[PDB]
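Here's a solo chain for you in structure tokens, the form deposited in one PDB entry.
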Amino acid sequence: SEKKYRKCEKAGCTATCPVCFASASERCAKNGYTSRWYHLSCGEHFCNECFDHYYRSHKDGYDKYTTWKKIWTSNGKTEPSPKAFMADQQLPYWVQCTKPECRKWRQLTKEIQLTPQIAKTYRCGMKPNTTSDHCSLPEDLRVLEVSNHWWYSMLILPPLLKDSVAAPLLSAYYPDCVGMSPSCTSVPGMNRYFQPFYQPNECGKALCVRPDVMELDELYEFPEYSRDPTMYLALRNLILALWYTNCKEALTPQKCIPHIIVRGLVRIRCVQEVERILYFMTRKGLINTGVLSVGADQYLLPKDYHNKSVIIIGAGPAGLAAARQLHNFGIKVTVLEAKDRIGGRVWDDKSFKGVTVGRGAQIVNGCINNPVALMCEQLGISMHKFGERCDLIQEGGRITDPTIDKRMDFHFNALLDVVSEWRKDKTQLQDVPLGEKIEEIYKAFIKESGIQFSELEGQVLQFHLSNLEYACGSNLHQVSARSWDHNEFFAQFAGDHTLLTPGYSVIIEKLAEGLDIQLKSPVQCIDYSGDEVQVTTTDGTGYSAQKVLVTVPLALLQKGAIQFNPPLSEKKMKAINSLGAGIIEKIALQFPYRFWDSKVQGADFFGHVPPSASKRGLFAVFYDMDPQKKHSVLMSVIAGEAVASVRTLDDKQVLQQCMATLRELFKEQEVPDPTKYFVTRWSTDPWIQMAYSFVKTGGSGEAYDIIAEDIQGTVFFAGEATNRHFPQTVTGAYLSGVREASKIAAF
């Protein structure tokens, strides 16, 4: 009469007495003998009678199983089996007592389906969906087993979450390939800029994670998930979904737990992992970031990561970002800024009636997943997507026919295409200045083709040339042909380019809120010999801490303004000197009325066709600073060779030359005098001296990576000049501070 066993089917199982969790069949083995004891985990087994109850065609619960099967096979890629069925449909739920000093795990009865409402409110031995004696009872012994690694080793199937908050975003994916149950019959309200997941077979979008693939740095930290990442993916994806669903408060483990819905003891494992994973993504700045603020005893990282102190040099976006991160983590942070204000190259003039005019940055280039878009969401502020339209207006007042604009843009880009071909097989030593290579290709193309451009077509080509010089912040003869667009090899920020109407100052101010910031404290010296870094200001003040982070602009690193002891390495100096310190300047003009409205007809900007290639980049674009079209403020830009021509002019002389230009651009009409203006002088600001970085002839994009290497795990570097993927921008500077705060916290 066949054979029967007390013991589990799996050699090495730690259950000395399997007991059937199902009790689905009339002849369930309860806790005795059966023809096979089917193993789900070390703590969960079901007898063969209950196995036949669902499996065999002549048995009762066969319709229930066959129906689940059909749902399973059509929505998922994971095979259906009785074990998979049991784990998705028959294992009981486990929940923690929500009383703070208890937190004990309990098994719910079978008919109860775990809601996030139950998980938020459950207390020991009180019937859910609803004395303190029931808390003192010991947990089921199987609970403690779960937290060992060998428990996960002995788990036969990975968990599949139900009703994950991630699910509305992952519809393009098989639910089980991203850790969600296929038997689960279930993005309005989320910010259009939060797109944290790639769609399948999609790349080239910055800061998107693949919802079905762990990343290298994730596998490094969680190698136990390398073979089968189902479970890690489920929890990471859940945390991301929860964060972007509410980026204005800190996302705690307490907050994640009631959204982790899975049957069986494995839920305990998930609740224990979510917390580890959460602290990891916090340190890495993927969540719980932006201008989020925490109070005392509400720090974002456990007291372990708290045994450090940091001095941060420079209170620009990179410095304040690291300071805000490190502070939120619970690390002592002091920021020493040279100037008498924070912000660095973010400095918003607020004195123009009705608008905020930035003397430094005010544009966000690519808003999807951009942390600046995150921080705007957190602050409730709005960004203005730039319009496409930008007439090229001639001195004289003629508006250049758009087909000329477009045709010369074509020829121009066709020149850059030849550079990209030429450079493919050339090393850093073979490099050649970009402008020089363009002139060669152009003069070769003119000579070969016979074509003859009108004067205007040539001037319009000069305009497109000036824009490139603006993007590099340099005449193109200092810019590397090989490596000027180096960072476009990496995924870039998709989406809208915007004018940050309220100005970056609003973000910079909120980042700095509440931090120990010593202004008028320019750092003279950093000595990282000895047990602690010693930092000294220009008047002799001394500050001390265990680690120091440097965010000074590239120009200041090039000029050696801070004495380093020991000196920076030769490798680091060569990198620092291989990047160029690009420069632009800005002028803002306020008028008594919007004199351009009739001609410009609402566009966000208009173009200034340069008269000659010498005057190239002199007020090339005028920006209308009020997207609501009520106030009268224009802003324009000096780039390229034009920067060196106006160093010997005072502000009034620059203003006059701008006004002469506007009046030529509007020659057929009257232009009022300006009533208020400013002219920036970044290139002579002693502690900045630049607008943003670029790669000079002979250098490589790797220069950014090299400038970013820490020294002795003790001196760290951040700043736009240190972000290889995202050079130049406030965004790239911000992310580099987060990057460095992640490095520092790791110790």
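The first residue of the shown sequence is 1; numbering continues from there. If you superpose the two forms and keep the largest set of C-alpha atoms that fall within 1.5 Å, you have the rigid core.
Absent from the display: the form deposited in another entry. The rest refers to it.
- Summarising the superposition on the core between the shown form and the other one, the listed residues 77, 398, 306, 629 contain exactly one with a Cα shift of 2 Å or larger, 306.
- After superposition on the rigid core, the Cα of residue 60 moves by 2 Å or more between the shown form and the other one.
- Between residue 53 and residue 71, the Cα distance is smaller in that other deposited form than in this structure, by no less than 3 angstroms.
- The gap between the Cα atoms of residue 65 and residue 53 is smaller in that other deposited form, by no less than 3 Å, than in this form.
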